[PDB]
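Below you'll find the structure, written out as structure tokens, and then a few comments.
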Amino acid sequence: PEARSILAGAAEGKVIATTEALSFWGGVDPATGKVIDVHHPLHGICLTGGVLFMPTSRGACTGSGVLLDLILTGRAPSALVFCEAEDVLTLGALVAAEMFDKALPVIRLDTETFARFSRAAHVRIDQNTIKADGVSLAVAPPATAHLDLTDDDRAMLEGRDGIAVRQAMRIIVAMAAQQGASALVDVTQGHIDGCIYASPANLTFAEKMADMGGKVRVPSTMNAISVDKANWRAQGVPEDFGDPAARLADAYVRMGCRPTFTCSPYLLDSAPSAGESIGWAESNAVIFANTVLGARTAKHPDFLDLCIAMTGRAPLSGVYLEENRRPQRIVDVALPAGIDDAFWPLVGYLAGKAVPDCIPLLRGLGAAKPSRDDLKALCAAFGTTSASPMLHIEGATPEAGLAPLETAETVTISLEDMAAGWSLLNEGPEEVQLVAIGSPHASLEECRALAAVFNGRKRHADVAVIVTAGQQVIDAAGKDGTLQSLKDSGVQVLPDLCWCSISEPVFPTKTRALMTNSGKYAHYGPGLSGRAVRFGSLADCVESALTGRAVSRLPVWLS
Ligand SMILES: O=C(O)[C@H]1NCC[C@H]1O
Ligand code: FES
């Protein structure tokens with residue numbers, strides 16, 4: 001029996017337990033504290049005041065901002081209890097303690113005690129004990145850092161570079177300690193993800209850092225934001241939402257971040273190369289950078305991305321170290337005939353469910369030669385159901401030859417698993433009023449593939465077709481004629497926004513059901529939008545747009 005203090009504090013309340021990880025962004029509504037992940041066992045439960053037992057987190061880096069807002073409003077759970085390593089929620093609780101004077105206790109239990117305490121009705125937490133229904137267990141004090149700090153590190157910690165840089169280093173050093181790191185590491189560039197207006201606290205944190213003089217030290221790009229920056233007012237986004245959403249993006253631009261406003265920064269000319277140590281947030285971008293590009297970055301939670309960008313330093317832990325990039329589980333993936341584009345996001349989705357807390361190696365798929373866009377959609381879906389910052393695909397990704405860990409077990413993803421996943425992501429009617437493409441932001445190749453399927457035809461007037469992409473890709477599609485061909489088919493191409501941050505009336509209010517080819521938005525979409533969401537191929541979506549209807553059936557490779 002072992003209880004370990006991760007973050008100190010005292011709490012008490014009803015046990016809310018689960019064996020499946022939850023992403024607080026997209027899975028918890030900051031307005032109510034209710035679970036909105038329609039595929040999670042806790043869907044509908046309000047977590048406010050409860051003691052949340054779950055093995056670890058999964059999915060989005062933005063959970064840190066959602067949790068912080070929940071702590072600032074009083075709708076957060078009273079405590080968090082894990083049984084494995086965790087970063088996103090712990091970081092959000094650590095920011096709350098460091099900068100907002102709010103303590104949320106976070107405890108990690110051994111797996112046996114986690115299950116035992118999961119069945120309890122009530123839990124109390126104090127700084128020395130955890131008791132579940134009349135059995136008190138001692139809580140070991142937090143791990144204190146065996147951290148090496150350079151002279152420049154200690155100068156930053158001391159305030160030599162101002163208070164903003166100091167607060168940034170304090171958070172980095174606290175994170176390195178809880179990750180058991182023995183040093184920090186230089187990063188060459190950043191990618192900020194907390195620029196999505198996921199909660200009022202996302203703005204509050206950014207304006208606090210910016211008001212202390214925060215500024216980035218390495219070149220740093222920006223993820224998707226919550227307004228079409230140049231057009232949201234003409235678009236009719238309410239001033240109560242669009243004004244803080246625009247000020248959030250403005251705060252990071254003030255701090256020196258490049259206004260790329262895209263969740264596919266690996267498509268930019270500034271994309272990192274193999275072996276390069278970067279510090280990125282946004283789950284799909286982190287996984288793509290490690291998996292496909294071979295660059296190196298942990299899955300940094302929101303807020304921590306800014307601190308890393310401000311100091312040029314990240315904790316030397318996780319996938320920054322070569323040994324931690326070795327496969328930790330083997331997944332034999334069935335290879336049916338007649339694969340189309342929808343295969344790869346489904347495979348990523350199911351791989352995350354099967355491997356939610358370690359780095360898998362997908363075997364059996366190399367000869368299918370997935371495209372860069374296939375791998376992009378795969379990593380995005382994998383970054384929905386798993387916490388891992390990277391994966392490997394045998395015969396496809398550049399590090400797939402690394403020796404698996406001596407402890408790697410072998411599991412499979414069957415055709416039966418795929419048929420189950422397909423129906424799961426297809427809980428909706430056949431009528432649709434919207435086709436949603438571009439989560440993560442569409443590449444130029446994807447915009448060209450979409451145009452090819454449309455084949456010069458125009459969408460049914462009943463079915464809006466919206467593509468979200470980065471500004472640089474839209475500019476490139478404007479120059480090669482792809483953009484005009486899409487507008488000729490009635491397709492609206494939006495910059496800056498993504499499906500994770502879109503809102504009404506840019507998201508058309510008349511929508512009742514939408515179809516998407518994104519495994520990621522298929523999962524998050526129902527709880528984010530309130531609409532029904534269908535998942536399908538690129539051509540499934542286009543046929544939906546041309547006819548007005550998306551037929552409910554398993555695809556060719558599933559027959
Ligand atoms: O890391 C993630 O997955 C989240 N960042 C912003 C939106 C969502 O993608
Ligand atoms: S912001 Fe979540 S994938 Fe675009």
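The first residue of the sequence shown is numbered 1, and numbering continues consecutively from there. In what follows, every heavy atom counts, from backbone to side chain, and hydrogens, waters and symmetry copies are set aside. Read the numbers this way: they start at 1 and go in the same order the structure lists the ligands and their atoms.
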**Study point:** atom 4 (Fe) of ligand 2 contact by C263, N, O or S atom under 2.8 Å
**Key:** yes

Exercise for review: Looking only at protein heavy atoms, identify the closest one to atom 8 (C) of ligand 1 and say how far it is in Å.
Suggested key: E282 OE1, 3.5 Å

Review point. Do the ring centers of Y524 and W499 come within less than 6.0 Å of each other?
Key: no

**Study point:** N, O or S atom of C500 closer to atom 4 (Fe) of ligand 2 than 2.8 Å
**Key:** no

Point to revise | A60 neighbourhood, listing ligand 1 atoms whose heavy-atom distance to it stays under 4.0 Å | key: 1 (O), 2 (C), 3 (O), 4 (C)

Exercise for review: With the side chain counted from C-beta on, respond yes when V506 and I466 share a heavy-atom pair under 4.5 Å apart, and no when they do not.
Suggested key: no

Revision key, fill the gap. Honestly, for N223 the part within reach of ligand 2 (heavy atoms, under 4.0 Å) is side chain

Check your understanding: Roughly how far apart are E86 CD and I6 CD1, rounded to 0.5 Å?
Key -> 9.5 Å

Check your understanding: Would you call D243-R247 a salt bridge at under 4.0 Å N-O?
Key -> yes

Point to revise | Greater than 12 external heavy atoms within 6.0 Å of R233's CZ | key: no

Check your understanding: Going by the atom numbers of ligand 1, which of them fall below 4.0 Å from some non-hydrogen atom of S283?
Key -> 1 (O), 2 (C), 3 (O)

Revision key, fill the gap. The protein heavy atom nearest to atom 3 (S) of ligand 2 is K520 NZ, 3.4 Å

**Study point:** Polar contact flag for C500 and ligand 1 (N/O pairs, less than 3.5 Å)
**Key:** no

Review point. Going from SG on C307 to CE on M310, what distance comes out if it is rounded to the nearest 0.5 angstrom?
Key: 6.5 Å

Exercise for review: For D193, take its heavy atoms, then give the atoms of ligand 1 lying under 4.0 Å from any of them.
Suggested key: 1 (O), 4 (C), 5 (N), 6 (C)

Review point. What orientation do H39 and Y349 show, parallel under 30°, tilted 30 to 60°, or perpendicular over 60°?
Key: perpendicular

**Study point:** Heavy atom of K520, distance to ligand 1 below 4.0 Å
**Key:** yes

Point to revise | Subset of ligand 1 atoms that lie under 4.0 Å from at least one heavy atom of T62 | key: 4 (C), 5 (N), 6 (C)

Study note, to complete from the structure: Between the CZ atom in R75 and the CG atom in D69, the distance rounded to the nearest 0.5 Å is 7.0 Å

